[PDB]
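> Sharing a structure, written as C-alpha cells. Questions coming.
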4 protein chains.
Amino acid sequence: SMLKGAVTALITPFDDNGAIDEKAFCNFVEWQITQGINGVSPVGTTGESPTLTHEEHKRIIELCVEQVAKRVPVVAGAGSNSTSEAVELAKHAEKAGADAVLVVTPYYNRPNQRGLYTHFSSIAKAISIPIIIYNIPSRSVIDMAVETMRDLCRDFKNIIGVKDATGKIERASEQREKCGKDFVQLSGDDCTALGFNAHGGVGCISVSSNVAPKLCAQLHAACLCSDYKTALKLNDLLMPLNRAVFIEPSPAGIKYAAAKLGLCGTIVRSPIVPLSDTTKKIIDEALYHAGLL
Amino acid sequence: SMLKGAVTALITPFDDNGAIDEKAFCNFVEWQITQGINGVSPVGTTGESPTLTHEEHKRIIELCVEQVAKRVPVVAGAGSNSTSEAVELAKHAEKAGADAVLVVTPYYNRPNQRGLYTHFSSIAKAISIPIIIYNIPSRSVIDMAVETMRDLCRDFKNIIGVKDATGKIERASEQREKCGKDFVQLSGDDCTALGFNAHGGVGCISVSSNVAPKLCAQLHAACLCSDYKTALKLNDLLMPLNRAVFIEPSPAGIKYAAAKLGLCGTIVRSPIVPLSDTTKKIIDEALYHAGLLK
Amino acid sequence: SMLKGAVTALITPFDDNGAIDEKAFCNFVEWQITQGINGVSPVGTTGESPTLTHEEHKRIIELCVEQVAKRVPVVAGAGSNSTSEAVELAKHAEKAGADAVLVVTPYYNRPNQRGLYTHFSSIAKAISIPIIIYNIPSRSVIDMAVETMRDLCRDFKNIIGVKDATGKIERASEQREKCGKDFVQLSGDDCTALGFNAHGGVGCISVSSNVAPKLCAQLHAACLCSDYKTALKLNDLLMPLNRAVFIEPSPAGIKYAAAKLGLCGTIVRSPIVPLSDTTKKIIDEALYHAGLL
Amino acid sequence: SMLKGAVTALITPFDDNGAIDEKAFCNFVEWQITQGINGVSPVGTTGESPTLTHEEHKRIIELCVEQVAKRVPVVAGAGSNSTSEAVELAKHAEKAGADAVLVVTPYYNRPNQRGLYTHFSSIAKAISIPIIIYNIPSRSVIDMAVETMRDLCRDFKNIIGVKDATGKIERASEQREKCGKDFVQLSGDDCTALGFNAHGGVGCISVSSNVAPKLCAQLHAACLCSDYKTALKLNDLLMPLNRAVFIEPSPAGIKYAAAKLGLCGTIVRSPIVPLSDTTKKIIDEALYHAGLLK
C-alpha cells in the first residue's frame, strides 16, 4: 500500500579509496527526500550490492533507515543467488529497520521455476516484512514466469509485488490479470517506465531518479493521476538520460551524473570501472536536455 | 498524416481448397468499416503475403480499394527481401488505388543499414504515395536503426512513418525524439500497443482488430483523446486474446478467432498450419473474456 | 553417397547492370571443377537466390548442369517461405537436371515443427531426386528440431541429409545419433566445419570454396581420411578468410574476394551492397594469409 | 603445461541435511584418480560454489589437495562477480595448495572489457599460481573478447589459458591464432569438446567426467594423439549423457547420475532442486547407452 511513484535505487557513494562515504550517503538520502522522492531502495544493484560486504550492507541500510526517519518507505536489497545467503540478508534488512526487501531472481546458476519458488518461499518464511520480486532476465538470464509469480503471491501474504526489469511491457498486463490489481507492480526500467504504468504499473524503482528525483516523482505522479499528457512531456525530458546512464555498465554512469551535480564522487568497485570521456559527454548532453544543468 | 487509430492487418480468407474467398474478403472489409475501423492494411503478413502470388496480391488490393471507396485509408503490403520485387509490388499497389504501402525490412538476407537505406530509397523513388516502414526484428532478424529511419524520412517526403513491431516501447521515445513528432508511429504489436501510445504512438496496425475492430478502435481513440483509464480497461479485455493469437504461428490463431465469429473459414497456406486443440481452447476463453462471445 | 567433401555455395556473377553474367558463371563453374571441388550448389543464399527471378533461377541451374557434365553432383537451391513456391522451385531444379535440391527452413513466417514437416513432406512428394535440409536459425529464426529431421528422413526416402548452418557442433552428434550414421551431414558454416566433421560430418557446403576450391577440397579430404593434424593446419590457412567474408552481409564479401582473383566482378543485388574499404582490406589480408594472392 | 586431457569439474557431495559429506568427497576424488582422470577442479560451478561459504570453499580445496597428493593438477574454483572477493578466494586456494585457479567472468553486474581486464589483473597480482579464464556467456551474459584474453596473457605470466564454455568452436581457432599455441585451451562444454579439440583444444574441464572419468579421459587422450576415429566412437557413447545432465539446472542432473553409480547422494542446495522423473528417466537411458549401467 506504501509503494508507489518514484522509488530511487540508491547509489552507494564511495570515497577515494573505495570505502563507504557515510556523510555523502546520508546527505544524499536527505536530498532525495526533500526533493520529493516517494521511496528509497538502499543496497541494490545500483547501490553496488555485489561488491558490498555483509557488514556494509547492514550499515548502509541502518544509515538509510535512520536518515529517512519513516518519512518514506525503505525497500532494501537482500539479493543473492544462494537461498541461505538471501535468507540471511533479508533477515538483516528486517532487523536494520527496512520496510520491505527487494529480492532478485538468482543469477548465474540458472534455476528453474521450482528453484525460483523454493528460493522466494524460503525468504518469505524467514521474515515478517514484505517482499518485492526483482525479475531481471537481462542480468539473471532466467525469468520468473507469471504463473510462478502468482503462486508465490497467493501462498505468501508478505510477497506483495514485483520490480519488473524485463522492459517487456506486455508482462505488466499479464501480471495484473493473474496476480491481481492488488499486486504492486513497479517498473525496474526507466526506459519503458511510462508505458509500464499505462499497462497497470504504479511507479518505478528508478536509476535516473538518483539525479532527477523531482522530475521522476512528477512523471510518476502524473501517471498516478492519469495525466499522460504531462507524463509524456516529462518522459521526453528524461529519456536521453535514461538511456545514457546505461551506455556503460551501471552504476558508473549514474554515479558520474550524481558527481556532476556535486552529490558524490565518481569512484566505483571493480569490476565496475570509470566511464570513458565519450560516455561522459553523452551524459552531459542528456543532463542538459533534462534541465539539470 | 491523418493515418491514426486502429488499422487492421487484414486476414485473407481462403476457401476449402485454399483459393482466395473473394466474397468473404469483401464482406469482411465492409464489416470492418461499419464496425468503426480507422484504416485497413491488405496483403501484409497477417494476410499471408508470403504465400500469395503477385496476381493474388494485386487482386486483393484492387478488391480492398473498390470495397473501401476511400472511406478509410488502405495501406497495402508491398514487402519483399528483394528490392526490385518490393519496388514492383509497391508500383502495383499504387496503380490499384492504395493510399500508402507497408514495407517490411528485408528478411532472411540480413542487409546492413546501408542496404536498408538503398532498399527503402529505391522504393520511395519508384512511387508517389506514402511508405510506412515495418520494423520487425523478431521476423527479419535485422533492425532498422533509428538513424536510418530519420535519414530515410529526411531524404524522402513519401517515407512518413513506422509500423513498430519491436515490442520495445523505448523505441517509440527515441523515434519521436530523433525522427520528430511529425513522424507517424503505429504499433505493430497489440500486446504493447497501449504503452507504445503512451510513449508517443498514434495508433496500431493490429492483428486482434480483425475480430475486435470496435474495441480496438475504441482503445486507440481512448489513447488519442488521452483517456488512459478507459484505455487500460479496454486493454484488459483484449490482452488475453492479443497473446492467444500468437501462441501458434500467425495467422492460424487470428483466422480461427475469425471463424468462431463467422467472419471466415480457418484454412491457411503451408507452412502455416491448423491450430492444436489446446490453442483453440485458450482462444475460445480469451474471446469470452473480451465479450466477443456471449 | 557422392555428397561429401567440399561443395561450393556458388556465387552468381552479375554484369555492371546487375544482369546475370552467364559466360562468367560457366567459366567459374569449370574452374571450380578443375580445381578439384567435390560438388556445386547453384542458386542458394550465396548465389543470391532471394533476388533472382524464377526464370533466372531455372537458367542458372540449367547452365550449371550443362557445364558440370555429371563430373560432380549439382545440389540446386529450391528454397522459399511458401510451400507452393518451394515445390515449384524443386520441380524446376529436377527438370533442369539437378542431382539434388537444397531447401531452407521457412524464413520470416516462423512455422512450428508441424508446419516444417508439412513444408518438407510436400516437396519430397513432388520430386524424385534427393533433398538436403538447410537448417539456419540465424536467418530463418526458427530451428528444425532433430526429432522433426528424424521424422522427415524416416517417412521420406528422398530426404537424405542436412546443410547444418547452426554453428552448434553438438547438433552433428544428435543428428548422427537419431537420424543415423547414414544421414548425410554437411556443415553450412566454414568457421566451425572442421569440428563439425569431427562430430560426424562428411563435408561442407561452403562459401569460402568459391575462392579457395582446392584448399577447401584438401581440408575436407583430410577430414574424410581422418587426418585431423593436416585438416587443422589447412584450417589455420582458411579461418581468417572464413570469418572475413562474413563481416558484411554475404555475398558482398565473397564476391569481392572472387573479383580480386579475376573470377568475376563485384556487383550484388540490393539490398546486398558494396563493401566498405575496411572490410576489403581485411579480406585482402585473409586472401594473402591463405596464399591466394 | 601439465594441464591437458580430462579434468573433472568436481561435484560437492552433501549429506541429508545439505552439509558437506567429507568422506563421500574424499572417496570420490580417490576414485576419479584411480579411474585415470588427468586433473581435478574443486569448488567450481558444478561443485555448487555459489551456495558454499568461504569456510567450506577453503575446506573442500584442502581436502581435495590432500587427497590428490600431487598425482594430478588441482585447479581450484575462485570465481566471483566481486574483484576483491575473487582476490581473497584465489589467495585461500593458493594457500591451500591448489596448482591453479579457475576464475569465471563476473556475472550479473555485466562489466565491460576494461572491467574484465581490471578484475583479472588484480587477481593475477595477488597470487603466484596460474589462472585459467572461465568464459561462459550463457551464465555471465557478457563475453570476454579474444583481444582481452590476449592482453591479459601478454601482461601476466600467470594467466595461462581458458575454460571455454561458449560452445562456439570458432572461438578455439580465434584464441589459438591470437593468444598463442602456448595458450592453454580447455573446453568447458562436454557437448562440443570433441570438435573443440579438433580446432586446437587440449582437453576439457568436464561435468560428464564426474560419472565417466575413464571414458572421458580416453576420449581426450584419443584427441591428444590425433586418433579422432576412436574419439568419435567414445563421443557417441557420451553425448546423450552430456546433454541429459543439463536438461535441468546443474548439478542436479550430474549428481543424480552420480547417485545412480553409488558415488554420492542427490542432495543439492537451493535454488538448485531435485530432478523431475522425466529427466531421471532420460539420464538412466543415457547411462545405459554409455555402458555405465547394465
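Think of each number as a place in line: the chain as shown, counted from 1.
Structure method, as recorded: X-ray crystallography, 2.1 Å.
A Cβ is built for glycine as well, from the same backbone N, Cα and C atoms used for every other residue.
Pasting the feature list from Swiss-Prot:
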- A:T45: site 'Part of a proton relay during catalysis' (SITE)
- A:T46, A:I205: pyruvate binding site (BINDING)
- A:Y108: site 'Part of a proton relay during catalysis' (SITE)
- A:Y134: active site, proton donor/acceptor (ACT_SITE)
- A:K163: active site, schiff-base intermediate with substrate (ACT_SITE)
> Which of the recorded positions A:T45, A:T46, A:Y108 have a Cβ lying under 8 Å from any Cβ of chain D?
A:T45, A:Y108
> Out of A:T46, A:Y108, A:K163, give those recorded positions positioned within 10 angstroms of A:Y134 (active site, proton donor/acceptor), comparing C-alpha atoms, in sequence order.
A:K163
> Among the recorded positions A:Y108, A:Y134, which residue has the largest number of other Cβ atoms within 10 Å of its own Cβ?
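Buried the deepest by this measure is A:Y134.
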> Got a sec? Which of these recorded positions, A:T45, A:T46, A:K163, A:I205, has the most Cβ atoms within 10 Å?
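Result for the most crowded candidate: A:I205.
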> Express the distance between the Cα positions of A:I205 (pyruvate binding site) and A:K163 (active site, schiff-base intermediate with substrate) as a whole number of Å.
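It is 7 Å, counting Cα to Cα.
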> Of the recorded positions A:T45, A:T46, A:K163, which one sits closest to A:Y108 (site 'Part of a proton relay during catalysis') when you measure Cα to Cα?
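Nearest in space to A:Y108 (site 'Part of a proton relay during catalysis'), counting only the recorded positions, is A:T45.
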> Can you tell me how far the Cα of the residue listed as 'active site, schiff-base intermediate with substrate' sits from the Cα of A:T45 (site 'Part of a proton relay during catalysis'), in Å?
12
> Should A:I205 (pyruvate binding site) be counted as helix, strand, or coil on the basis of DSSP?
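Going by the DSSP assignment, A:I205 (pyruvate binding site) falls within a strand, counted as strand.
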